[PDB]
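Below you'll find the structure, written out as structure tokens, and then a few comments.
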Amino acid sequence: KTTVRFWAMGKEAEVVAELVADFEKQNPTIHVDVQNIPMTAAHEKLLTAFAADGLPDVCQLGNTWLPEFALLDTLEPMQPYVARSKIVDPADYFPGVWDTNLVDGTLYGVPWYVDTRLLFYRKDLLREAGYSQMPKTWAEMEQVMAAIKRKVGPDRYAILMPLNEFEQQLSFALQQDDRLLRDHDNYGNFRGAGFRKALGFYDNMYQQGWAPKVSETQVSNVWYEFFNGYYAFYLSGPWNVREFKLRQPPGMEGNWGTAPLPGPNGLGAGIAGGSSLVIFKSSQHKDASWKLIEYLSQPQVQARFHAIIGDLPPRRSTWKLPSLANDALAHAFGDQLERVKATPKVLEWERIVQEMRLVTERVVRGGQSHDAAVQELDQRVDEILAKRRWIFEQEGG
């Protein structure tokens with residue numbers, strides 16, 4: 001009888017619609033209307049629906065979108081619901097993942113699934129270069145890559161990291177002790193030691209010839225090139241597990257795997273990407289809405305979600321279910337999730353990483369200096385943050 005409107009994006013919308021079928025058949029007084037909105041139009045449709053007073057009750061939100069919708073005061077504080085929920089226990093959620101839903105100390109969402117990036121690797125190629133263990137430190141990673149490069153020759157590579165993507169540089173920058181922004185997140189901190197170290201490590205891989213100097217469009221097919229041996233490692237996310245499985249050529253079952261991202265001193269941090277679920281505060285049925293989110297927070301529902309679409313559960317107890325715990329390819333993700341870190345929670349974060357990536361591709365391709373790069377990046381970021389910084393100077397903060 002009670003209808004809840006739930007907006008979700010793309011493949012996730014399709015899959016979650018199957019799941020709600022069982023939620024409805026467990027809660028017959030509740031109807032869930034699932035709308036599939038394309039991601040490329042989602043941000044406009046929402047800002048638009050906002051102004052027009054037509055927001056759904058429940059909504060999937062990319063977790064870098066939270067700070068914006070929170071500071072627009074559209075999001076229902078979630079802590080009161082979490083506190084009264086047996087099912088949703090914050091201590092069971094990976095801390096870096098939970099942290100992405102906190103804006104200014106206030107909880108505005110519940111993590112739904114996690115996207116993080118780590119190494120897919122050819123086991124056979126790793127063994128041919130001499131190794132049975134994947135590297136866990138940066139220095140070990142460099143030696144392994146050099147060892148593969150000797151083996152494969154001038155026309156083949158150790159690792160693929162497309163220069164048009166920002167997630168790789170970002171992952172390595174998140175492994176540093178300092179923050180990418182500074183002073184109340186009002187200024188860029190790309191001139192800081194951490195970003196300089198990350199830029200150095202990342203640029204070095206292309207200049208040594210370990211990673212090809214290409215954009216994703218310049219690669220024919222990431223899965224076939226991988227199985228063709230054009231490169232031994234591919235730094236990427238959970239959706240690839242299925243894709244590689246499908247294209248795994250006959251003799252190749254079990255000759256590839258996933259490994260968590262090496263860090264400076266050991267296995268390191270990575271990105272806490274993915275989506276959260278929120279309740280818009282204009283909703284009339286918040287309690288029905290909460291029940292839906294709680295359902296999608298049940299370990300067994302999350303396992304099912306992972307099984308179908310590959311999206312990583314955001315909580316430890318889902319990872320303990322045999323479905324996940326015995327998945328040899330999932331293990332590396334589950335381990336890395338213990339270390340993922342949230343990016344600075346500013347509305348202008350997406351613009352910022354776009355600048356970062358433009359500058360780094362120039363460093364890699366054009367040989368722009370690292371000093372010039374980080375100085376220039378900070379200048380661009382300081383402009384991007386100008387309105388935020390000004391508001392801070394004018395009020396209290």
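The way I read the labels, and the way they are meant: chains A, B, ... in the order of the structure tokens, residue 1 as the first residue of every chain, and ligand 1 as the first ligand shown, with later ones counted on from there.
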Shell around residue A:257 at 6 Å using only C-alpha atoms, local window under 3 positions removed, as a ChimeraX atom specification: /A:120-121,329
Neighbouring residues of stretch 332-347 of chain A were defined as those with any atom within 6 Å, considering only C-alpha atoms; residues of the same chain fewer than 5 positions away were excluded. Please report them as a PyMOL selection string. chain A and resi 67-68+94+96+100+258-260+269-272
File dump, residues just selected, C-alpha atoms, as a CSV table (one decimal), in the first residue's frame:
chain,number,residue,atom,x,y,z
A,67,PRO,CA,29.1,16.5,0.6
A,68,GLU,CA,27.2,18.5,-2.0
A,94,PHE,CA,35.1,-0.8,7.0
A,96,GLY,CA,37.4,4.3,5.6
A,100,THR,CA,32.8,8.6,3.4
A,258,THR,CA,44.0,-10.1,-7.8
A,259,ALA,CA,46.3,-8.6,-5.2
A,260,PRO,CA,45.9,-5.6,-2.9
A,269,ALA,CA,45.5,2.4,1.4
A,270,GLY,CA,43.4,2.6,-1.7
A,271,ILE,CA,40.3,4.5,-2.8
A,272,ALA,CA,37.0,4.2,-0.9
If we count only C-alpha atoms and set the cut-off at 7 Å, which residues sit around residue A:123, ignoring sequence neighbours fewer than 4 positions away in its own chain? Please answer as number ranges by chain. A: 127, 255-257
Compile the contact shell of residue A:372 as an MDAnalysis selection string: residues with an atom at most 12 Å away, counting only C-alpha atoms, same-chain residues fewer than 5 positions apart removed. chainID A and resid 190:191 196 359:360 362:363 367 377:379
Counting only C-alpha atoms, which residues of stretch 105-161 of chain A sit at most 7 Å from some atom of stretch 273-290 of chain A, and what is each one's closest atom pair with its distance in Å to one decimal, listed by chain and rising residue number, as JSON lines?
{"residue": "A:108", "atom": "CA", "partner": "A:278", "partner_atom": "CA", "distance": 6.7}
{"residue": "A:109", "atom": "CA", "partner": "A:278", "partner_atom": "CA", "distance": 4.7}
{"residue": "A:110", "atom": "CA", "partner": "A:276", "partner_atom": "CA", "distance": 5.3}
{"residue": "A:111", "atom": "CA", "partner": "A:276", "partner_atom": "CA", "distance": 4.2}
{"residue": "A:112", "atom": "CA", "partner": "A:276", "partner_atom": "CA", "distance": 4.7}
{"residue": "A:113", "atom": "CA", "partner": "A:274", "partner_atom": "CA", "distance": 5.7}
{"residue": "A:114", "atom": "CA", "partner": "A:274", "partner_atom": "CA", "distance": 4.3}
{"residue": "A:115", "atom": "CA", "partner": "A:274", "partner_atom": "CA", "distance": 4.4}
{"residue": "A:116", "atom": "CA", "partner": "A:273", "partner_atom": "CA", "distance": 5.7}
Contacts of residue A:243 within 12 Å, only C-alpha atoms, excl. fewer than 3 positions in-chain, as a count of residues only: 18
If you count only C-alpha atoms, which residues fall within 12 Å of residue A:142, apart from same-chain ones fewer than 3 positions away, as a short mmCIF file (atom, residue, chain, number, x, y, z; two decimals) with N, CA, C and O atoms, in the first residue's frame?
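This is the output file selection.cif:
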data_model
loop_
_atom_site.label_atom_id
_atom_site.label_comp_id
_atom_site.auth_asym_id
_atom_site.auth_seq_id
_atom_site.Cartn_x
_atom_site.Cartn_y
_atom_site.Cartn_z
N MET A 134 53.18 -11.74 -4.95
CA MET A 134 53.02 -10.39 -5.44
C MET A 134 53.72 -9.47 -4.45
O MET A 134 53.84 -9.81 -3.28
N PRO A 135 54.23 -8.33 -4.94
CA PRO A 135 54.91 -7.30 -4.14
C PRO A 135 53.95 -6.65 -3.16
O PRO A 135 52.76 -6.55 -3.48
N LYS A 136 54.43 -6.21 -1.99
CA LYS A 136 53.57 -5.52 -1.03
C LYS A 136 54.05 -4.12 -0.73
O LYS A 136 53.28 -3.29 -0.24
N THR A 137 55.33 -3.86 -0.99
CA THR A 137 55.86 -2.52 -0.84
C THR A 137 56.12 -1.90 -2.22
O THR A 137 56.32 -2.60 -3.21
N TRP A 138 56.13 -0.58 -2.26
CA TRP A 138 56.54 0.14 -3.46
C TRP A 138 57.86 -0.38 -4.03
O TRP A 138 57.93 -0.70 -5.22
N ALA A 139 58.90 -0.47 -3.20
CA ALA A 139 60.21 -0.91 -3.70
C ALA A 139 60.16 -2.32 -4.27
O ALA A 139 60.74 -2.59 -5.33
N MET A 145 58.41 -5.26 -11.27
CA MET A 145 58.13 -4.69 -12.58
C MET A 145 59.38 -4.68 -13.46
O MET A 145 59.30 -4.98 -14.65
N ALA A 146 60.52 -4.35 -12.88
CA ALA A 146 61.75 -4.33 -13.68
C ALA A 146 62.04 -5.76 -14.13
O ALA A 146 62.49 -6.00 -15.25
N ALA A 147 61.75 -6.73 -13.26
CA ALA A 147 62.04 -8.13 -13.58
C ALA A 147 61.15 -8.60 -14.73
O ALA A 147 61.59 -9.34 -15.62
N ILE A 148 59.91 -8.15 -14.74
CA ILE A 148 58.98 -8.52 -15.81
C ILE A 148 59.40 -7.86 -17.12
O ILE A 148 59.36 -8.47 -18.19
N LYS A 149 59.81 -6.60 -17.02
CA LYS A 149 60.20 -5.85 -18.19
C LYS A 149 61.40 -6.52 -18.88
O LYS A 149 61.41 -6.66 -20.10
N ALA A 158 55.09 -4.07 -17.93
CA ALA A 158 54.78 -4.69 -16.65
C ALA A 158 53.33 -4.39 -16.23
O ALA A 158 52.62 -5.27 -15.76
N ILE A 159 52.88 -3.15 -16.41
CA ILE A 159 51.58 -2.74 -15.86
C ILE A 159 50.87 -1.73 -16.76
O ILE A 159 51.51 -0.87 -17.38
N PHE A 201 56.53 8.30 -7.75
CA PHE A 201 56.37 6.85 -7.91
C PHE A 201 55.57 6.53 -9.19
O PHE A 201 55.95 5.68 -9.99
N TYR A 202 54.46 7.23 -9.38
CA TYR A 202 53.60 7.05 -10.54
C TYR A 202 54.31 7.42 -11.87
O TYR A 202 54.33 6.64 -12.83
N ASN A 204 57.49 7.63 -12.47
CA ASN A 204 58.64 6.74 -12.69
C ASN A 204 58.28 5.48 -13.49
O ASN A 204 59.09 5.01 -14.28
N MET A 205 57.09 4.93 -13.27
CA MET A 205 56.70 3.70 -13.96
C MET A 205 56.63 3.89 -15.48
O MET A 205 56.95 2.98 -16.23
N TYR A 206 56.14 5.03 -15.93
CA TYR A 206 56.14 5.27 -17.37
C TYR A 206 57.55 5.54 -17.89
O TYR A 206 57.90 5.06 -18.96
N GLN A 208 60.37 4.48 -16.81
CA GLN A 208 61.22 3.28 -16.85
C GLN A 208 60.76 2.33 -17.95
O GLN A 208 61.44 1.37 -18.27
N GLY A 209 59.60 2.61 -18.53
CA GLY A 209 59.04 1.72 -19.54
C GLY A 209 58.29 0.56 -18.92
O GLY A 209 58.04 -0.45 -19.59
N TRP A 210 57.93 0.68 -17.64
CA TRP A 210 57.18 -0.39 -16.96
C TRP A 210 55.71 -0.31 -17.37
O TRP A 210 55.06 -1.34 -17.60
N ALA A 211 55.21 0.92 -17.48
CA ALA A 211 53.86 1.20 -17.90
C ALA A 211 53.86 1.96 -19.22
O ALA A 211 54.54 2.98 -19.33
N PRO A 262 50.24 -2.46 -3.47
CA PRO A 262 51.41 -2.22 -2.61
C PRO A 262 51.43 -0.78 -2.09
O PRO A 262 50.94 0.12 -2.77
N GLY A 263 51.96 -0.57 -0.90
CA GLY A 263 52.14 0.77 -0.36
C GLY A 263 53.61 1.01 -0.05
O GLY A 263 54.44 0.11 -0.22
N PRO A 264 53.95 2.23 0.40
CA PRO A 264 55.35 2.59 0.68
C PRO A 264 56.07 1.63 1.64
O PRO A 264 57.25 1.30 1.41
#
One decimal, in Å: what's the spacing between atom CA of residue A:315 and atom CA of residue A:88? 9.4 Å
When DSSP is applied to the backbone of this structure, which of stretch 236-339 of chain A are assigned strand (DSSP E or B)? Write them out as a JSON list (two decimals) with C-alpha atoms, in the first residue's frame.
[["chain", "number", "residue", "atom", "x", "y", "z"],
["A", 236, "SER", "CA", 41.55, -1.61, -11.71],
["A", 256, "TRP", "CA", 45.50, -14.85, -13.02],
["A", 257, "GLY", "CA", 44.39, -13.26, -9.79],
["A", 258, "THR", "CA", 43.97, -10.10, -7.80],
["A", 259, "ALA", "CA", 46.34, -8.62, -5.19],
["A", 262, "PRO", "CA", 51.41, -2.22, -2.61],
["A", 263, "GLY", "CA", 52.14, 0.77, -0.36],
["A", 267, "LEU", "CA", 50.16, -3.16, 1.74],
["A", 271, "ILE", "CA", 40.28, 4.49, -2.84],
["A", 273, "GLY", "CA", 34.79, 4.64, -3.96],
["A", 274, "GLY", "CA", 31.33, 3.29, -4.66],
["A", 275, "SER", "CA", 27.85, 4.38, -3.61],
["A", 276, "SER", "CA", 25.81, 5.11, -0.49],
["A", 277, "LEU", "CA", 22.09, 5.02, 0.12],
["A", 278, "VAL", "CA", 20.40, 8.17, 1.43],
["A", 279, "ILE", "CA", 16.93, 9.27, 2.46],
["A", 280, "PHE", "CA", 15.97, 12.71, 1.16],
["A", 312, "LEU", "CA", 31.91, -5.18, -3.02],
["A", 315, "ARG", "CA", 30.85, -4.61, 5.86]]
Output as a VMD selection string all residues of stretch 151-279 of chain A that backbone DSSP marks as helix (DSSP H, G or I). chain A and resid 151 to 152 167 to 174 193 to 207 216 to 218 222 to 228 239 to 247 250 to 252
Spatial neighbours of residue A:302, max dist 7 Å, only C-alpha atoms, sep filter under 6 positions, as a ChimeraX atom specification: /A:296,313,318
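Compared by their closest atoms to residue A:97, and using only C-alpha atoms, the residues A:63, A:74, A:354, A:85 rank with A:63 nearest.
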